[PDB]
Structure formats: structure tokens, C-alpha cells
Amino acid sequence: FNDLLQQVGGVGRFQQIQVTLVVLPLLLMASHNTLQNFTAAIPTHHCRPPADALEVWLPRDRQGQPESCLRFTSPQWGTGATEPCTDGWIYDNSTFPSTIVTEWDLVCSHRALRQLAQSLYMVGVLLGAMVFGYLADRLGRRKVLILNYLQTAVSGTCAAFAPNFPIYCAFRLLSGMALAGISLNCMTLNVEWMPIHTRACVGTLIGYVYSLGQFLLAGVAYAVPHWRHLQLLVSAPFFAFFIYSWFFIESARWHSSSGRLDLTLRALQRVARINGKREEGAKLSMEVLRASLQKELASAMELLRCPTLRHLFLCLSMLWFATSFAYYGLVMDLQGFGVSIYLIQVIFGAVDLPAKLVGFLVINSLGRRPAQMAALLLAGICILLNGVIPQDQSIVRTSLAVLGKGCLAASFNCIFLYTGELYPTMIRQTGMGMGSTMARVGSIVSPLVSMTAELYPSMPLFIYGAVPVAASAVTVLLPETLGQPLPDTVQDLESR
């Protein structure tokens, strides 16, 4: 197929149009994944005084600020009984006009609900990677993308107009399911329509576009602070994506695999018509297609079954869980640092750009494993130190969270490369999917861990730090891949 894709033009005039269009949605993946930092921000809440009759009606904490979850039973002038606040809460409207937290009183006893919603969105992301991955192999990378643009648009719009919390969570799970399928199918449709030598470039562009999405969330959230308006704005473009996605060309590779070379030929000729190498497309017929593509024409149980591939599976699963679990833990707590939540989102997104370069340098220059111990251990040390250092120190805490997020971004880049290199060709793609699945399990478990803040304010961070420190110790077991050719059989893994 690669000989044929190259026959039909060289990365020119279709691949440029379609890849631009298929990677444009990814800009708003960051906006959706981390949308709750802005759509669910917690304004300062203090209890509403009884209407019958704040200094007299609000108990004060050590800080001298009014206590969030309690109000005095009787008016205290100048040990007073404290009742939970039946009459609701008054929320500061200086920074956040409305958030899901203000709208549904997800405060005090129901504070965990704010994180349950993030976990549910991510349960949707895990489910969608699986459902839409199967559906794409059955119905096409394109048809599944068209339906996913419509689902994200409809679910996200309906979430913005959700009348109650259960409904917002349902439409956020479905938003995530669709978005998981968009992220997968954008990779498959672009990679399969692009030459093998350029495959790495496609993958990197997809990563950088997600990072630029972070700056998009910061700029958009500043402009549209209200949550219903911000959720609608971030889900509206997907309708426009759905409208132009009808003109995408289905992967000829998927057509060949299905058995329908008639559609492989039709796609290859259409692309020739676009790339401008028409003559060369006319030459392409079915006697030419059957020839050469002829040569082109294992189960996850294997990863567990073989002891050699089970060791590589377990170790890498710990590495993918840890990086995601910690990364989401840090990225989903922008308010505590003491700087604006918009500046911190911008800084975090601008740390990805030098992190990815430093990581590339260390990966190639030193090794692929030394980079993973360093990226994960340093992130763990930084997150644990962001737990120990007092809150008053905003600059020390911000700088250490920033460095830590950069290190976990490098770990994501290094684990994507290190994994492919570690697995044999037979179970390589299954292994990269299982690793990504464990990453999604990390993002489901992370908000649940954050709910332990009630037990101890620093327990969420101490766990967000200890898990990457343990994963760094696991990397020691994995085998170095720098300068070694990719394995083709289990025997090769074994020889290593």
C-alpha cells in the first residue's frame, strides 16, 4: 500500500487538506477534558443567613474568613450552636459568575459530586475508546468520525442546557465517549492515508495540537466565564465539524482489509484526481491493486498468557496508569496555587512546548529508559513537595507544579515511543491500545482520589506523588531500546 500511496502523489494536495481538517477538532479535546477547571470552579461560598434576620450569622474559621458549611443557630452578637445551612449558600460572584458548583449547590456535603462528574466523563472516554474502536473497524474510520462529531456536539450542547445534575453527568459521559472516538479515528485516518516515512510527523502534530488546545481553553474561558455559555461555545464547533466531515475520504487501507478492493481503487483514483497525478491514477487498476497489496492481504489474551509479554504488559501498564493518574491529578487542580486560574492554564500549556523538546533530547541522547525514570521520579518529587510546602508560598508551589506537569507531559511522549519499541510486531498495536486503556483508567481513578481531600487536605497530592515515584522504580525492570532494532517475535524479547 505504501508503494501505491506514494504513486498517488507525495504528501501533496489531499493529505494536506484532509489532515488539517481532521486535526482541527483535536484543538478542542483539551478544552473538553479539562473544561471542569472553569465550568466547575468553586467560588467562595458562605452560608446564607436566615432571612428572618454576615458577622452575626456566620461562624469564622482560623483564617478569620466566614465558614463555608455552617451558620449560627441563633444570632450571636460580639461557642455558639452551628446548624448546617438549610437556606442555601451565597457564592462570590467576582471571579466566577456561574459554575456547575454554584448552580446545583455541589458544595459542602455534596462536594464530591464535582469530581464524580469528571470521573464519569472519563468513564465515557474509556467506554468510547472501546465501543468506537470496534465500530470503526466495522463501519469505517470516516463514518464513525462523522457520527462522533455529531454526538460530541449534541451531547455537549445538551449538557450546557442540562436542567439537573444527573442529566449533566449523563451528557458529559456521552460527550467523552464521542471524543474518545474522535481522538482515535483522527490518528487512524491520517496515519493510514499518509506515507510511512511521515507517520512520525503525523503523530507529533497530533500531540502539539492538543497542547495548543490548552491555550484555547484559557482564552475562551476568560471571554465566556458562565458555564452554560462556555460549555455551549466549546461544543458548538463540533456541529460545523460534522457538516464538513461528510466530504472526508475513507481509508483505502480499511477498504482493502475488508475485502472490498473496489473501494480501495475508487479512493486511490479520487486521491489521484485531487493530488494532481491523474495519469498515474488511471494506470492503477485491479490487476495492479491485487498485485503487491496481495502481500498485505494477536489477541490481548496473549499479552497476559505469555510470561514474556505479561512482564512487559504489567510493567508498562503501571507506567501508563501512573503518568495519567498523576497528570490529571495535577492538571485538574488549578485553583490552589494562588495565581489566576487563567494564567496557570496558560503557563501549564506553555510548559508542554519546552518539556517535549527536553524530553526528545534526553530520550535520544541518553536512553529511553533513563528518560522515563527521570520524567516520572522528578514529577513525583515535585508533586510531593507541592504537598509539603506551605500554601502561603505561591511561587514555590506554582513553579514546582509547573515543572511537574511538564515532566508528566514528557512521560506521555516517552511512554508512547518506549512502548512501541518494547512490543513485538505481532502484539504491538494491541499493546499500545492496552497501554492507552490503562491511561484512561488512570484518568477515571484520579478524580476519585481527589475526593479524599476531605479526609486530609494533602492526601490527594501525596498519592498523586507516590504513584509516579513507584512507577519510576518499575521502569528499572523494562529493557533499554536505544539503538536496538524493533522485535518481531517473542524470542527476540527473550533474547533481550
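In this text, residue numbers run from 1 along the sequence as written. Basically, rigid core = biggest C-alpha set you can superpose within 1.5 Å across the two forms.
After fitting on the rigid core, which stretch moves more in 8 other deposited structures of this protein, 65 to 73 or 29 to 37, going by C-alpha RMS?
After superposing on the rigid core, the more displaced stretch in 8 other deposited structures of this protein is 65 to 73.
RMS Cα shift after core superposition in 8 other deposited structures of this protein, winner of 260 to 268 and 319 to 327
When 260 to 268 and 319 to 327 are compared in 8 other deposited structures of this protein, the bigger C-alpha shift is seen for 260 to 268.
Would you please confirm whether residue 225 lacks atomic coordinates in a third or more of the other entries that were compared?
no, residue 225 modelled in all other entries.
With neighbours modelled on both sides, does residue 214 go without coordinates in a third or more of the other PDB entries compared?
Residue status for residue 214: no gap in any other entry.
Hey, how big is the hole between residue 390 and residue 391 in terms of deposited residues without coordinates: none, 1 to 3, 4 to 9, or 10 or more?
Gap between residue 390 and residue 391: none, chain continuous.
Check the entry and tell me how many residues of the deposited sequence have no coordinates between residue 353 and residue 354: none, 1 to 3, 4 to 9, or 10 or more.
Gap size class: none, per the record.
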